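Before any comments, here is the structure.
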Amino acid sequence: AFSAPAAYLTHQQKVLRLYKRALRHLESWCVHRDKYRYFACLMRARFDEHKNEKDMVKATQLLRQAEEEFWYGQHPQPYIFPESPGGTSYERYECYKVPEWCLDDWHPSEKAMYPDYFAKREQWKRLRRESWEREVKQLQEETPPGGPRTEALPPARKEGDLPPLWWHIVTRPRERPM
Amino acid sequence: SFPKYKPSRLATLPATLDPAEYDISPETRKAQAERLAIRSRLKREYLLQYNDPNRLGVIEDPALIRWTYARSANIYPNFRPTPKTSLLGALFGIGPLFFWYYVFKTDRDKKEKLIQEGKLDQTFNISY
Amino acid sequence: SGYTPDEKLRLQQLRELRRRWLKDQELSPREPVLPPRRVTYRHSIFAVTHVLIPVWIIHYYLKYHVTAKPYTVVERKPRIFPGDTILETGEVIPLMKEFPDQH
Amino acid sequence: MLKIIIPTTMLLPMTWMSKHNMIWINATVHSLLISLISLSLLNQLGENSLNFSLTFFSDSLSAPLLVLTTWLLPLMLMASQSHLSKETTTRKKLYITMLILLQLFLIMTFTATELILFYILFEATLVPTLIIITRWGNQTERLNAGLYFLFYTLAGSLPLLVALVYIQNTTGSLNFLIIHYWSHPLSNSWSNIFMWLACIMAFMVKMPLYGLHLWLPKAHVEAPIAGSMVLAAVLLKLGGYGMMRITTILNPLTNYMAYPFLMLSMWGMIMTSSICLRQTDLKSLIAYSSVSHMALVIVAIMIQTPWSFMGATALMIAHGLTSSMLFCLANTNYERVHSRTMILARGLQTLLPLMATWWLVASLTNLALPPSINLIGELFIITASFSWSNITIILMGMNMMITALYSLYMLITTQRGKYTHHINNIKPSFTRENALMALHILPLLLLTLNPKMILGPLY
Amino acid sequence: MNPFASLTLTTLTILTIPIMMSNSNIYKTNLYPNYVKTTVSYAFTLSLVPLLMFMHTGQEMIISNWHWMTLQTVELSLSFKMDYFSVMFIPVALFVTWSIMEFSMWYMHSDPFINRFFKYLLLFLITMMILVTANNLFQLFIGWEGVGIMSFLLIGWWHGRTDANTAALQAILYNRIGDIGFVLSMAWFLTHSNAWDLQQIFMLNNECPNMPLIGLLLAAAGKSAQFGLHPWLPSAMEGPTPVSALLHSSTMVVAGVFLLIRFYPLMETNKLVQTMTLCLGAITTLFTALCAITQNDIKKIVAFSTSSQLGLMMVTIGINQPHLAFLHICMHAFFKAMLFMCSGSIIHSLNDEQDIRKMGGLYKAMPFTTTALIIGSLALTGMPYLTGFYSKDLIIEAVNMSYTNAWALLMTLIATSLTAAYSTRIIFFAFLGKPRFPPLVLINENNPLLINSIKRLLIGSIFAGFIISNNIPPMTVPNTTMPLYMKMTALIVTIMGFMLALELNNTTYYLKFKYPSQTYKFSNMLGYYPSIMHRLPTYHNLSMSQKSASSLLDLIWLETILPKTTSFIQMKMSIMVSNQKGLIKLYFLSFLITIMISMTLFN
Amino acid sequence: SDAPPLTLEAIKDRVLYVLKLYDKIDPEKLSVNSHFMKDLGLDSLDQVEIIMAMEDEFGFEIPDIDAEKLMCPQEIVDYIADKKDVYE
Ligand SMILES: CCCCCCCCCCCCCCCCCC(=O)OC[C@H](COP(=O)([O-])OCC(O)COP(=O)([O-])OC[C@@H](COC(=O)CCCCCCCCCCCCCCCCC)OC(=O)CCCCCCCCCCCCCCCCC)OC(=O)CCCCCCCCCCCCCCCCC
Ligand SMILES: CCCCCCCCCCCCCCCCC[C@@H](O)O[C@H](CO[C@H](O)CCCCCCCCCCCCCCC)COP(=O)(O)OCC[N+](C)(C)C
Ligand SMILES: CCCCCCCC/C=C\CCCCCCCC(=O)O[C@H](COC(=O)CCCCCCC/C=C/CCCCCCCC)COP(=O)(O)OCCN
Ligand SMILES: CCCCCCCCCCCC(=O)SCCNC(=O)CCNC(=O)[C@H](O)C(C)(C)COP(=O)(O)O
């Protein structure tokens with residue numbers, strides 16, 4: 002999620018992803034813990050038979066018939082964690098996520114309550130404001146000519162600098178705002 | 002061997018079952034690198050416009066304007082009378098009208114004939 | 002694999018900034034500064073403000089307005105059985121035909 | 001009837017002589033007072049009509065339309081007061097003058113004891129609307145829209161005038177009362193067929209019919225908020241009023257000639273309801289919904305039964321109010337967003353809950369939820385069509401299903417989901433917008449208590 | 001005078017006071033849910049009086065209080081019907097709703113908009129009470145639409161979730177499909193019987209034709225989620241557990257069945273519609289049970305069980321036993337609501353975990369939920385002298401001892417077996433094995449609200465069947481004589497299902513793994529009906545709505561015919577006429593030609 | 069919910085507990101900053117098994133792109149703390 006994607010997936014990444022999917026779907030098939038442990042160790046042994054293989058064409062032939070076999074026996078109703086992109090509580094709390102700038106439109110009678118919070122917010126806004134001009138310059142001087150090649154942002158290199166484009170990553174509402 | 006999965010329009014081919022992915026080549030790698038470079042440039046532009054504290058408005062999205070304009074205002078100037086278009090327009094704009102006209106006309110002539118012969122039993126039929 | 006050193010440093014800085022923001026989200030003990038300004065017993069009052077008054081209003085509206093017009097309230101004409109007597113008339117429904125009673 | 005017309009005429013001098021910062025207040029107050037005055041026309045009789053004089057008369061079909069027309073002006077002023085803030089005093093007074101002239105023309109049109117006077121006012125209502133659309137419009141296409149909104153209308157209305165005068169040469173009077181009392185059957189002839197067409201298509205073009213509905217999306221999209229309100233709420237009902245007034249002399253030729261228009265409306269309601277499903281514009285979607293509802297009204301009028309007429313009147317009133325509310329909500333979104341696209345701004349219920357409630361109520365009343373008068377009119381028309389022929393129920397039910405689908409689609413796309421991240425200029429809704437929504441919605445839920453007030457003369 | 005009317009209107013009237021007070025100050029405090037729960041409990045204990053009067057005397061009423069618009073010879077008025085059905089269903093619904101709000105007090109403890117949730121629940125209850133007591137078709141339609149709109153609002157309670165909005169729109173779509181038939185029935189009844197009142201409709205239809213009954217059957221299939229329009233009920237589990245327990249399990253989803261109960265005088269005079277109803281119920285219950293017996297989400301299993309019970313109710317209606325179907329509604333509300341409450345308690349205890357693969361040993365970890373779920377499953381499958389027996393046993397006997405179709409009876413028996421199968425599946429997979437939840441144990445039941453709400457419905461699910469069966473008057477001829485084997489058909493079928501499903505489930509412990517068969521894939525994917533029917537039609541509609549309706553006709557051909565052709569013709573004629581080079585020779589020659597033509601043509 | 073507000077101390081305690089139950093690692097040789105591929109001599113498949121253990125222990129699944137580049141327990145606790153927004 003946080004880490005920037007790569008231009009492509011290597012063979013080891015693909016085999017690791019297949020291993021993850023196969024073990025998860027095997028756990029979905031094998032409800033009980035001991036049965037899952039036995040069959041997962043059996044699957045690990047089946048996977049590590051060809052670990053030391055060197056031929057790239059034969060390696061590509063491998064993992065492909067494995068993906069086909071996985072698709073044939075992929076447990077059409079697999080287990081999904083509640084907050085996962087397929088879970089029952091994937092986006093339950095997205096209706097309670099309110100942006101930070103909404104507080105700028107509060108009535109003064111509402112800002113009369115919670116004065117310390119708005120003072121700290123003022124310090125945060127000043128820090129963002131002073132910081133922003135420098136961040137743009139860093140991005141301008143650090144970005145390779147011809148535009149970025151990978152959507153990875155550099156860290157702050159000086160003392161008083163801050164990571165470029167940090168405001169909307171630091172100011173996420175919450176995971177469970179209410 | 003196992004039974005083969007057959008792709009369809011509403012059930013597309015899985016990502017891990019595409020024969021094209023496993024046919025890796027330097028040209029394909031270069032194409033993917035260029036695609037990711039384009040995506041990275043667009044994302045960098047969007048974030049530069051997004052994190053700016055001075056901005057107090059929406060960020061105009063030329064893709065969205067292009068989509069809406071092509072959907073609404075760019076249809077007729079690119080239209081050409083073609084046997085496909087002429088036939089499809091005639092069908093979908095004339096056939097249903099005549100079909101429903103025939104259906105309702107047949108039903109109403111049947112009802113009128115039954116009324117004229119008097120064998121309809123319209124007792125308690127007061128509101129119309 | 003793993004994090005690159007620049008990724009490590011950026012994650013560290015962003016994480017410390019996020020922790021500072023989260024700590025700043027907390028409330029002081031005086032934060033809700035509420036300004037004050039004005040201008064069996066629970067069940068006992070509830071049963072008279074939520075039941076008794078609605079029954080009074082509905083009973084009045086039914087007995088004195090709805091029943092004024094004809095056919096607004098129609099009964100079922102309760103069942104009449106042999107051996108019963110009617111209050112209005114006082115006459116007694118005659119008994120049945122004395123079928124043979126056995127088991 | 002002059003007790004309503006004269007104050008509307010005095011609204012002009014008052015606006016011009018009004019202080020440079022007090023035009024809106026005076027206009028709103030006096031327009032609301034005039035609406036209160038016009039409320040008295042609802043007291044109708046089971047007898048003929050309220051014949052005030054030789055020139056103007058009232059009826060229980062004209063009375064609800066007159067009340068709605070008088071009520072719309074304060075809402076139009078409240079909606080227009082927002083986007084005309086940076087505008088010079090003379091031109092704001094000109095805008096208010098156009099609104100007042102349109103209201104006066106509509107009020108005189110809805111009484112119109114004579115058909116030539118009705119035609120004159122019915123075509124006089126065109127000029128202020130065209131000026132409003134082509135002057136105070138945002139996009140460059142407004143001019144084109146105006147042209148369309150003009151010529152279509154005239155393309156239908158010029159033959160009507162000829163037919164009208166021809167009738168006066170044969171009948172001898174175009175007065176509605178004499179025309180009703182001295183009506184004679186139309187022989188099935190080519191000349192009578194063409195006279196029927198000349199009398200009918202003028203009102204069919206403004207409803208609009210499915211074939212002749214092209215001008216409406218353009219006119220509604222490019223017009224300002226007040227123009228959209230007046231077009232959707234009142235100007236579409238002129239065709240229905242004219243048809244109900246003029247179909248008396250068209251019998252018995254109406255039975256044969258109603259078939260093409262009945263088929264066109266019964267299929268175009270489905271076509272426009274389906275078009276609403278795939279739409280990237282809020283105003284266009286509302287316009288197509290208006291087209292569908294007016295197609296149902298056309299079916300009702302062509303069926304020509306008492307239940308048909310009652311449902312038609314109720315549906316016109318309800319649709320006017322509902323479409324005005326929907327356009328107002330869309331304009332409130334646009335004034336913050338400046339894009340007028342459904343998919344751009346999302347999840348507004350999180351940021352504006354009360355406006356989300358207003359959106360929900362508007363969508364529900366457009367969905368024809370009972371016991372709203374929308375449902376009353378729809379059900380009366382459906383029952384009359386079923387009596388006309390039992391097979392219409394399939395198309396009617398399909399239309400109801402697609403209507404519910406696109407209404408809830410409009411609600412969910414704009415109110416539910418996750419908010420757009422980069423949009424930060426979404427300020428809290430003002431008291432004016434909320435008051436506009438409340439003043440739009442409360443009359444509907446009050447009229448559902450007294451349906452007979454809007455059921456027309458055949459009640 | 002005659003307190004029956006005053007009480008039976010006062011219950012519904014006092015059900016609406018918290019809606020009035022929702023704009024008051026109490027709505028902004030945390031005592032609002034307690035206010036609503038107390039109001040509902042008082043309404044239930046107040047409605048217990050008309051039930052007592054009916055049981056004593058058999059007293060029935062019609063209260064036509066307010067006069068709405070009158071349309072020529074048709075009169076519309078606010079009329080309430082207080083027959084056996086209304087005065088019996090109101091107390092059960094109020095009891096279930098009281099239990100549901102008491103449970104939601106604890107289940108929605110952390111929800112910021114809990115007062116709005118309770119207001120929505122009360123509004124749904126008000127709309128359902130309007131639906132049940134309606135005496136004319138317009139008021140019944142008002143309730144029909146109110147319950148649907150409230151279901152739409154409550155399914156999409158978490159409006160930030162895409163799937164919740166999708167499920168709400170799905171439910172609206174299917175309910176409008178039923179609305180088509182409902183409106184058809186209304187139109188036919190007004191056109192032919194000249195009224196929407198129940199009395200006039202019953203009087204003027206001695207032999208009811210096919211069309212109004214087919215419309216009523218379509219509406220009932222739409223609202224009760226029969227086989228043709230089933231998937232919306234499984235998909236409605238996206239809403240909060242109290243919503244699934246109240247609306248989509250016990251009260252709202254029976255409404256369509258109730259409709260067919262209301263028109264039973266017209267139902268018995270038609271044979272084709274009865275056969276259609278019986279076949280639809282049989283196929284629905286079979287298909288839903290078969291889909292249920294292989295699901296992993298507990299809420300999905302309970303919803304499919306509810307749909308199977310609805311199919312059984314429709315079969316009972318089809319075999320000309322409306323009163324028995326009403327009794328089944330009454331018992332099913334009790335035990336299915338309590339079952340859903342147990343499911344919600346388990347769900348909350350395991351940190352919002354719904355799949356049964358992560359639920360292990362709970363027989364000892366949570367005992368009260370265990371005993372409540374066991375009692376509920378026993379009542380649902382049918383244990384003699386329990387609340388489910390007095391209904392389902394008579395259902396089976398009536399099906400066996402009457403002139404029906406063989407296939408419908410076979411599918412009813414197989415559906416009973418599959419009901420036992422999924423009940424034992426739930427119990428085995430959720431209560432018997434070793435624990436499989438995450439290590440951080442947060443299991444807790446020490447809360448009086450949940451315990452009281454569950455135990456009230458427990459006492460109901462144990463005693464209410466006997467009390468109600470022995471209290472109501474006899475409404476049908478009993479099957480007093482029976483074959484000995486056919487007397488025990490339901491019991492042996494249920495026991496066989498229990499034993500076979502337990503034996504099949506016990507083989508999961510075996511250290512052997514085999515790929516699934518085609519039948520398992522068909523049953524797990526809901527017969528593949530949700531895939532095809534939610535991908536093939538919709539696309540084929542939406543595409544058309546942009547290709548033919550929007551672009552081809554509206555934007556191109558309708559534009560080409562009238563405006564564009566006129567513009568092109570006028571432009572061409574203007575160009576031709578105005579393009580004169582200014583040479584007087586050509587104009588003079590044209591004038592000479594015109595003079596010659598005038599001299600040679602106009603004389 | 070009624071869920072206690074877990075802290076990084078608890079998260080690191082649970083992570084180290086899960087790693088100590090891993091019999092392939094000697095508990096007395098493991099450390100908070102101990103690397104997986106080098107300091108503990110673990111294969112990539114063992115790393116993804118550790119990721120699975122963390123997912124089944126914390127009740128949420130880490131995306132594969134983030135999981136495949138987590139190399140020490142300290143980064144795992146840091147990532148989980150960022151995911152759950154842990155204060156102290
Ligand atoms: C007159 C005397 C009366 C007495 C008669 C005799 C008494 C009873 C005799 C017993 C007869 C059979 C009973 C055994 C049932 C089978 C259970 C079984 O072994 O399942 C495992 C086995 C496969 O397991 P798996 O794939 O390895 O699953 C992996 C794990 O187990 C995954 O496991 P999991 O943890 O995920 O979940 C486990 C779950 C998942 O298991 C499943 O996958 C369920 C799927 C099969 C079971 C469903 C059986 C219900 C049959 C209703 C069909 C109605 C007609 C449908 C028409 C379809 C047309 C294509 O299994 C269960 O929980 C229990 C399943 C249901 C068994 C208990 C109730 C059934 C007994 C009642 C049947 C008749 C007695 C009625 C009594 C009334 C007196 C008349 O199922 C089968 O091999 C199928 C066996 C029978 C299926 C017949 C349908 C075949 C349709 C093909 C085409 C046919 C021609 C159509 C031509 C159309 C052209 C137009
Ligand atoms: C484009 C979007 C919609 C716009 C509006 C469209 C609706 C307008 C259509 C008008 C309705 C049809 C016009 C005439 C209908 C009369 C009935 C006729 O169709 O039936 C037969 C008529 O026979 C033939 O139709 C003869 C006419 C054929 C010539 C018409 C052209 C046909 C297609 C042209 C359509 C173009 C219309 C739009 C022009 C701009 C019956 O034969 P007969 O009993 O002997 O005649 C009875 C009438 N009498 C008694 C007066 C003599
Ligand atoms: C939005 C665009 C819609 C355009 C509307 C056009 C439809 C109206 C019909 C065409 C115009 C006809 C106007 C006639 C006015 C009524 C007068 C009348 O009917 O009197 C007839 C006259 O009838 C006619 O002359 C009509 C002839 C039509 C001439 C103009 C043709 C215009 C185009 C016709 C084709 C289109 C037909 C359908 C158009 C529908 C619109 C799409 C009797 O004549 P007498 O000599 O007095 O009889 C003595 C012997 N008994
Ligand atoms: C119920 C679901 C059924 C699913 C069925 C799935 C069937 C699986 C069968 C698998 C068959 C194979 O072995 S396919 C074998 C694919 N080819 C290779 O593995 C060659 C080189 N392998 C690598 O480089 C890896 O990364 C490795 C060294 C292993 C680790 O590396 P790390 O050092 O970075 O951990």
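Residue numbers (UniProt numbering), protein chains in the order written: chain A, 2 to 179; chain B, 2 to 129; chain C, 2 to 40, 64 to 127; chain D, 1 to 459; chain E, 1 to 603; chain F, 69 to 156. Ideal Cβ positions, reconstructed from N, Cα and C, are used throughout, including at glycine.
Next on the checklist: With a threshold of 7 angstroms between beta carbons, is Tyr20(A) in contact with chain E?
Outcome noted: no
Checklist entry - Bridge partners of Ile317(E), per DSSP? => result Looking at the DSSP assignment, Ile317(E) forms no beta bridge with any residue, so it has no partner.
Next on the checklist: Run through the DSSP bridge pairs and tell me what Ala134(E) is partnered with.
Outcome noted: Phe80(E)
Next on the checklist: Runs of 4 residues minimum, wholly inside the segment 206–238 of chain D: which ones carry the alpha helix (DSSP H) assignment?
Outcome noted: 215–222 and 225–230
Next on the checklist: If contact is defined by three or more beta carbon pairs under 8 angstroms, each pair taking one atom from either stretch, is the segment 178–187 of chain D in contact with the segment 257–276 of chain D?
Outcome noted: no
Next on the checklist: Starting from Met359(E), trace the beta strand (DSSP E) in both directions and tell me its first and last residue.
Outcome noted: Careful: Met359(E) lies outside any beta strand (DSSP E) and carries neither H nor E.
Item to check | Contacting residues, own chain, Cβ-Cβ under 7 angstroms from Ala5(A) (five flanking each side not counted) | outcome: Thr151, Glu152 and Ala153
Checklist entry - Is it buried or exposed for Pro74(D), if we count other Cβ within 10 angstroms and need 16 for buried? => result buried
Item to check | Inter-stretch contact at 8 angstroms, needing at least 3 Cβ pairs: the segment 348–362 of chain E / the segment 303–311 of chain E | outcome: no
Item to check | Residues within the segment 21–46 of chain E neighbouring chain C, beta-carbon criterion of under 8 angstroms | outcome: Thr38, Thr39, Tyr42 and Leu46
Item to check | Inter-residue Cα distance where the pair is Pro50(E) and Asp59(D) | outcome: 49 angstroms
Checklist entry - Would you call the CB atoms of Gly222(E) and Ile155(E) closer than 7 angstroms? => result no
Next on the checklist: Counting C-beta neighbours from all protein chains within 10 Å, is the total for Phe334(E) 16 or more, i.e. buried, or is it exposed?
Outcome noted: buried
Checklist entry - Which residue or residues does DSSP assign as beta-bridge partners of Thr70(E)? => result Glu75(E)
Next on the checklist: Buried or exposed for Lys206(D), going by 16 or more other Cβ atoms inside 10 Å?
Outcome noted: buried
Item to check | Neighbouring residues, chain B, relative to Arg130(A) (Cβ below 8 angstroms) | outcome: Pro54
Next on the checklist: Let me see if you follow: with CB-CB separation under 7 angstroms, is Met120(F) close to chain C or not?
Outcome noted: no
Checklist entry - In terms of alpha-carbon separation, which member of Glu54(A), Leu163(A) and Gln141(A) lies closest to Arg130(A)? => result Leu163(A)
Checklist entry - Taking 7 angstroms as the CB-CB limit, is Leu98(B) close to chain I? => result Reference to chain I is not applicable here, since the protein chains of this structure are A, B, C, D, E and F.
Item to check | Residue environment, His220(D), which counts as buried when at least 16 other CB atoms sit within 10 Å | outcome: buried
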